[PDB]
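Since the structure comes first, as C-alpha cells, the remarks are kept for the end.
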Amino acid sequence: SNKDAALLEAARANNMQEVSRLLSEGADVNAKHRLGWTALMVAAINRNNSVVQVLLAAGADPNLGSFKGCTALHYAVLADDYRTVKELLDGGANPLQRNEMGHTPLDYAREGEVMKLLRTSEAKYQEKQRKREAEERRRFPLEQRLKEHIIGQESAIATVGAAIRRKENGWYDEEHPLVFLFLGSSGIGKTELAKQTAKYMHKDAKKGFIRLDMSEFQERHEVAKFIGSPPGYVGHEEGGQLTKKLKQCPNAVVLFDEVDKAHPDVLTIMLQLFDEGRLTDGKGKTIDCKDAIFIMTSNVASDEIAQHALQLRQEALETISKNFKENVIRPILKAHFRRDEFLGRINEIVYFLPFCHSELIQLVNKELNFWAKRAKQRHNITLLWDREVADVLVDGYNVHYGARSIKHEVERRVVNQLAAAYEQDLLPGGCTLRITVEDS
Amino acid sequence: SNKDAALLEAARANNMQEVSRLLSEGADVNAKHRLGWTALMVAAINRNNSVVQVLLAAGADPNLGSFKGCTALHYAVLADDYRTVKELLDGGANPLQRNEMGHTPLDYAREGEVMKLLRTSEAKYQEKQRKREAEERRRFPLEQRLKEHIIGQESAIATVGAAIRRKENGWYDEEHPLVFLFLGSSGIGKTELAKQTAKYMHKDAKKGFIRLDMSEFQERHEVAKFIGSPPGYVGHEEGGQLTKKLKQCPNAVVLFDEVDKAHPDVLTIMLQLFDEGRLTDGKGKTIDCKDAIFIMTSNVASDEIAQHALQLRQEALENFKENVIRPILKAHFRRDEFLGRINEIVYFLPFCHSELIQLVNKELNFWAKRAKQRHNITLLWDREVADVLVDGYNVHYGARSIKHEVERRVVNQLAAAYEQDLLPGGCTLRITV
Amino acid sequence: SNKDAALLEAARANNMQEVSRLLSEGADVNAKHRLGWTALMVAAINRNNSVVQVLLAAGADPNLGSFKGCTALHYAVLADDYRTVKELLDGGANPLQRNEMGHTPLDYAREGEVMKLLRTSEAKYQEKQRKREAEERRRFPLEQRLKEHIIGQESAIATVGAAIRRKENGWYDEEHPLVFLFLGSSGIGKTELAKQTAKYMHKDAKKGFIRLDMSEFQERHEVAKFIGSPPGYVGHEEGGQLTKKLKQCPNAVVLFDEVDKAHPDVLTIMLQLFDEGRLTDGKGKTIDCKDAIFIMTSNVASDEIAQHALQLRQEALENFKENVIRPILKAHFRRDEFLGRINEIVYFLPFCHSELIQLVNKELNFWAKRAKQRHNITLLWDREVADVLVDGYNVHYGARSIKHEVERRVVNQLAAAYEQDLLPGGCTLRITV
Ligand SMILES: Nc1ncnc2c1ncn2[C@@H]1O[C@H](COP(=O)(O)OP(=O)(O)OP(O)(O)=S)[C@@H](O)[C@H]1O
Ligand SMILES: Nc1ncnc2c1ncn2[C@@H]1O[C@H](COP(=O)(O)OP(=O)(O)O)[C@@H](O)[C@H]1O
Ligand SMILES: [Mg+2]
C-alpha cells in the first residue's frame, strides 16, 4: 500500500527517479490517491511529460475515471500541455473520454496543439476502424460464414447477405427496422439461418439474439407477454419482457419462430415494431429499436413453394427461379395473416426451396463428419466411408422433414451400430472403422 | 456487537487467548469488520496461522467475499504465508474463487509454496469431480435396478437401458432431449419404470421426477395452466405446473400421462419443447431442457398390443414388426411432428402367470419382513396359497389390484388375530378358501 | 441491562433484599449474564436456596439453557445442595436434560440425597409417560368412545376404529397417507364423527383437528388459501387455511367439507396429500402425511345410500361392500388420481326413527337443564313431545332439521309463557298438534 502512495507523491512532484523506482518494484502504475487522482493523472495535471511517458511505458491507463472523474487525458488537457496529451493518446488514451461532469479532453483546453492532437487521434482511429472492418468483410463475407453451416438455399443466403451488407455499409434508411419473412417446408434451415445471422451480428453477445416461439402466443391475450400488464394488474411492475430484452440490446436480432402459430391479433402488435421499431410497455416507457433486425419463420405456403421449386426440376435440362408467381402466393399469406398492412411492412420475403440430390448428399456427409469427429474426440475412434454409404443414406430421405429426416436416417442406420459395438467393447481405442456399405 | 469487535481485534493482533475466549463465549466466527474484512480474513493477512486454525475449527468460512472483496484465502495469499493458505484451504477455501475485482488467490500468489499449494487444491477438486464421474459411470447398470424393482416388461427394460447407455456413451446428439412413448395396458409398471429411471439418474433427488396427467389439459384455457398465464391475468404468479417444476431441475424426468387427452394446443407446446428442448414460462424466464428425459404414456393401442402379444405367450413371457401401432398413433396426432420427434417407442405387455406369482411372493415377503411384532416373523406362506392369491386375477386394474387382493385375505386375518391376541409366535399361512 | 446485572449480582451474593427489590421492579427473573449463567444458575451453584426459591416463585425457569448450556438444575446439583435441587425440580426442572456438552445433572450429581431426588423426578416422568400410554389403551374400544357422543353410524365408527387399530398394530400401509372419503346427505354425523374422533384421538380440545370448506376454494383462491399465498404473490397468507394449522399437528384429522364444490386445481394439489403427503405450504414447509388422517366428504353420492337404505336396513338389523364400485365418484373426481389414492370409503346412512328420537331427547334434556330457573322444568310428556317433534322427520339436510323442530315447537312456546308470566315453577310441557 505504501508503494502506491509513494508513486503518487513522486508523480505529483515530477520525481522521475522515484517514479521509476516505484514502478520497477511492482507499484501499481494506476495507483489511486485518497483525493481521487492517480500517479499518471497528477503527472498530467502538473505538466510532468516525462513522468507521464514513463508511467505509460510502465502500463499506465489514461482512460480511468472540481475535477472529480477526470482521467489522465482530462488533466493533461486541463494543464493545456500538448506534449502530455500526445503521449497519453499514443498510450491509448481516448480523446473523447468523459468525467463525472461530462467534460472531455476536447473541451478543457483552448484551440491549439491539444485540440489538433485529439482530433487527429479520433479521425485516424475512425478511419482505420472503417477500413479494417470493410477489408475484413470483403475477405470473409457473411455468405461464406453461412455456407459453412447452411447447405443449399443459395437464393435465400444471397438475399439475406445482400440486405445485411446494405445495412452495414450505411446504405439503409435508419427510420425503419429491417424485417424478413422466411418461408419454406419444415426442416430446411430457416431458423438455422436466423441463428447463424444472429451469431454473425452478435457473435459475442447472447443478449444480441432475442428468440420468441409463437406457439407460446396462440391466443389473443398473449400480447400481454410482449408489453406486460397495465397499471393496477398483476405483473405490472415487471413490465414487458420483449421490451426489456430490446432495451438491453436495441440492435439485437429478433426471431419470431413459427409466427404462423400466433393468434392473428398477436401480429397486430408487430405493426409499430416493423414500421418504426417503436414499442411501449405497460409502464408507458417507449423502446426504440429502429436498427434491429426482425426475422419471421413459417411454412404457410410450404406445399405451393415446393410445387414451384419443381419448376426448376420441371426443366427440360437441355437453378434460379424468377418466382413472379409470388403474386399468387400473396393470397395465401393474406388468408393466414389477415391484414395487408402487416405484409406491407416486410422488407423481404425469403423462400427456402427443398433440397436437391447433391444437397442431400452434402447433408449426409456433414452428419457423418460430425459423428466421426465426435467419435474421435470422445473415444478416439477413426470413422470412414465411401459414396455407397452417402447414396444409401440419402435413399432413405423423407421430404416432410428434410435435414431432420437425414439426421434421423443417419442416427438410426449407422449410429445405433456404433453404439451397440462400443457397448460390446468391439471398438478398441484408436481403431479405425470403414462403413463398407453396411446395409440390410 | 462488542463480542464481534473484540474477536476481530484479537484476530488482527494474533491474540490466541482472546480469540479462543470470544469463540467459546459465542462470538460470530464470521464476524465482519466495518472495513470489509472478517476475523479470519485479518488473521490470514497478518499471517496468523494459529488464529486461522482456531477460527476454522470453530466454523469460520474462508470463502466469504486495493483489495476490496478479497476472501480469507485471498488475504492469506496476499500475505504470502503458506500456513494460513493451507489452513484456509483445509477448511474448504476454493483456490479459484474470485474477489470483487476478479483476482483469485492464484493471481495474488507469488511463485513458491503458496502457488504450489493452491494448484494442489485445484487439482484435488478436479480429481474429486473426475472420481465422482468415474464412480457414476462404473456403478451398477440401470437394467440391474429395473430388474430388481420391475417384474416382466423385459423388452421395455432392455430398450430403456440401451437408450440411456447410448446417451451416456455419447452416440446421441445432446442438442435434443430424449423422448419416450410408453404403450400398453395401464397399471403394469410404466410409472414405476419412470420412477426407477428417475432414481437411476436422481436417486438422491425426488425433484428429478415430475408428473403431469393430461386429463388436466383437455381444453384451450388449460394451456395457461401448463406454462402460466400472461402478465395481468388469473394465475400469473403460479407460472404454470411444467415450468415451475422444470426450473428447479432442468435434467429431471418428466412423465406426461395419457397424452391422448392433451388438447391440440398443449400437444403443440410439447412438440415445440421436444424439438428444441427450450421453453419460456409466462413470466418471461426461459428454461433449457436439452438433457432432460421426456416420457409419454398412453393406452391408445393398449388393446392391440395386449391381444397381439407378439412376445407375451408367443416369444417371451417375461423384430415383432408390430406395424399397426404406427398407423394407430398416426390417426390420433399430427403424425408429421408427433411421431417424427419421438426418439423411441416402448411396449409394455400384460403380466403372465409367472410374473403374477413373483409379484405375490414379493408382496408377501414385504408383509412378512416388515413384521414389527418381530417374534411372529417366519409366518411362511408355503406355495399354493400364493398361487390362490394369483387366482384372484385383477390385472385389469394392474399390479396394485393384486396388492389389494393379497392384502384382503392375507393382512385382514393377521390384524384380526393380533387384535384378538390369538396368534403369538407366527404360523404357516397354509390353505384357506 | 442494569436491572439484569443487579439481579445477577444479588443472586450471586445471596442478597435476598436486593433480589426481592429487583424482582418487584420488573427485572428479568431469567436474566442471562454475558458469560452464559443466569441469576438462577449462579444462585444454584452458590447454594442460595432462598434465592432460588424466590426466583422460582417469580417465574424462574430452571430448564433454561465446560458448563456451557447448563441449566439451573445442573448448577444446583453441582453444588450438591438437596434443597436447591428439590426447589428447581418442583418448578419443572428435568433431571435428564443435557447441556451443550451432553452432561445431565445426574452425571454432575454426587452420591447422596441428590441422586435419590433426581431419580425420583425421572421416575415421575416415566410414570407420566406410562400413564398416558395406559389412558390411550383404555380409550379403546373407540367405538364406545364415539357412541358416547354420536347416534347411529355404527358401521362407519367400527370401520374407523378397525383402521386405527390396524395402523397402530402395523397391519396397514403405514408408509402411505391415511385417507377416508365420507359419503351421504348433509347433517348426518360426518362432521360430528370427525370432531369426536379428533377429540378422542388427540389428547383434548381437538387441537389436532383441521376442517375446511372446499366450496370457497376456486381458481382465484386455490394457492392463496390451500397452499396459502406464498411470498411474492398477491397476498402474504402463507399456509392460508390448511398448512397453517398442519405446522403444529402433522397427524391432524383434516376434514374437507364438500369435494363436489372443490375446484379441479385444489383437487389436483390434494394429490400431494397421498403418496407421501408433504403438501407444499405457503411458507414452503411440507408435512409427511403418512401418519395424517384425511376425511374428504361429499353429497354428490348422497343418493347411493339414501335411495337404497339396504346398507342400513340389511346390516344385521332384522348393501354389500361396494355394491357398485365408485358409481358416480369415479366419473366426477377422476378416480385415476384423486380417488385411486383414497385408502377407504365410508358410507353414511339416513338417521333411523330411534336415532332421530334419541337426538330429540338429548336436545330436550339440554334445554331442560339449560333452563336458568330449572325448578320450573318438569318435562311431563317429554317422550310424547319428542314423538310429536319427530313428525317433522329429518329427511332434508340432517339433524339440524330436528333441532329447528325442537326450537320451533318448544322454545318459542316457553318464551311466550315466560313473557306472559305463566311459569312460576313446577311447569309441565304441552302436547301440540
Ligand atoms: N439447409 C440446411 N443445411 C444444413 N443444415 C440444415 C439445414 N437446414 C436445416 N438444417 C439443420 O436441420 C435442422 C433443422 O432445423 P431448422 O433449421 O430449424 O428447420 P426449420 O426449417 O427451420 O423449420 P421448422 O421449424 O421445422 S418449420 C437443424 O438441425 C439444422 O441444423
Ligand atoms: N414390479 C412391478 N411391476 C409393475 N408394477 C409394479 C411393480 N411394483 C409395484 N408396481 C405397481 O405398479 C404401479 C406403477 O405405476 P403404474 O400404475 O403401473 O403405471 P400407469 O398407471 O400409468 O399405468 C404402482 O402402483 C406400483 O405399486
Ligand atoms: Mg424451425
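Protein chains in written order, with the UniProt record's numbering: chain A, 132 to 196, 263 to 515, 535 to 656; chain B, 132 to 196, 263 to 515, 539 to 653; chain C, 132 to 196, 263 to 515, 539 to 653.
By construction, the Cβ of each residue, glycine as well, lies at the ideal position given by its N, Cα and C atoms.
- Taken through DSSP and simplified to helix, strand or coil, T268 (chain C) comes out as coil.
- Remark: the C-beta of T388 (chain A) is in contact range of ligand 3, defined as less than 6 Å to any heavy atom.
- Excluding the 5 residues flanking it on each side, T356 (chain A) has same chain C-beta neighbours closer than 7 Å at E564 and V566, in chain order.
- Note on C486 (chain B): 16 or more other CB atoms within 10 angstroms of its CB, so buried under the neighbour-count rule.
- Bounds of the beta strand (DSSP E) holding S495 (chain A) are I490 to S495.
- Pairing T394 (chain B) with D454 (chain B) gives a Cβ-Cβ distance that is not under 7 Å.
- Each residue's CA atom was taken as its position, placing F337 (chain C) and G358 (chain C) some 9 Å apart.
- Within the segment 593-614 of chain B, contact with chain A at the beta-carbon level (separation under 9 Å) is assigned to no residue.
- Nearest C-alpha to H346 (chain B) among B:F377, B:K396, B:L139 and B:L171: B:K396.
- Residue environment: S412 (chain A) is assigned as buried (16 or more neighbouring CB atoms within 10 Å of its CB, all protein chains considered).
- For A619 (chain B), the distance from the CB to the nearest heavy atom of ligand 2 is below 6 Å.
- If you check the C-beta of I348 (chain A) against ligand 1, you find a heavy atom less than 6 Å away.
- Identification of residues in the segment 471-495 of chain B having a C-beta nearer than 9 Å to some C-beta of chain C yields an empty set.
- Within the same chain, Cβ atoms closer than 6 Å to the Cβ of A391 (chain A) are found at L452 and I492, the five residues on either side in sequence being excluded.
- Positions of the beta strand (DSSP E) runs, each at least 3 residues long and wholly inside the segment 371-447 of chain A, are given as 375-380 and 406-410 in order along the chain.
- Within the chosen limit of 6 Å, ligand 2 reaches the beta carbon of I385 (chain B) through at least one heavy atom.
- Contact residues of the segment 343-366 of chain C toward chain B are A359, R362, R363 and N366 (C-beta to C-beta distance below 9 Å).
- Those residues of the segment 429-448 of chain C placed with their C-beta closer than 9 Å to a C-beta in chain B are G429, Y430 and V431, ordered along the chain.
- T268 (chain A) places its beta carbon 7 Å or farther from that of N180 (chain A).
- Residue environment for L642 (chain B): exposed (fewer than 16 other C-beta atoms within 10 angstroms of its C-beta).
- Of A:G266, A:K321 and A:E654, the smallest CA-CA separation from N296 (chain A) is found for A:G266.
- Ranked by how close their Cα comes to the Cα of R165 (chain B), the residues B:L139, B:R335, B:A188 and B:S155 have B:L139 in first place.
- Comparing C-alpha distances from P427 (chain A) to each of A:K482, A:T169, A:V615 and A:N539 shows the shortest one belongs to A:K482.
- Taking all protein chains in view, the Cβ of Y638 (chain A) is crowded by 16 or more other Cβ atoms within 10 Å, so the residue is classified as buried.
- With its beta carbon at least 7 Å from every one in chain A, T648 (chain B) lies outside the interface.
- For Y617 (chain A), the chain B residues whose Cβ falls inside 7 Å of its Cβ are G560, in order along the chain.
- Per DSSP, reduced to three states, the secondary structure at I577 (chain C) is helical.
- By the CB criterion at 7 Å, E319 (chain A) and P302 (chain A) fall outside the cutoff.
- For the options A:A588, A:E557 and A:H573, the alpha carbon positioned closest to that of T648 (chain A) is the one of A:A588.
- By the neighbour-count criterion, in which 16 or more other beta carbons inside 10 Å mark a residue as buried, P447 (chain A) falls on the exposed side.
- Cβ contact annotation for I354 (chain B) (same chain, cutoff 8 Å, sequence separation greater than five): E340, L343, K344, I347 and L390, in chain order.
- Remark: the C-beta of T494 (chain B) is in contact range of ligand 2, defined as less than 6 Å to any heavy atom.
- The beta-carbon distance between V544 (chain B) and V580 (chain B), rounded to whole angstroms, is 33 Å. This is too long to meet the 8 Å contact definition.
- Taking C-alpha positions only, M147 (chain A) is separated from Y305 (chain B) by approximately 28 Å.
- Closer than 7 Å to the CB of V183 (chain B) there is not a single CB belonging to chain C.
- No residue range can be given for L559 (chain C), since it is assigned to no beta strand (DSSP E) and is classified by DSSP as neither H nor E.
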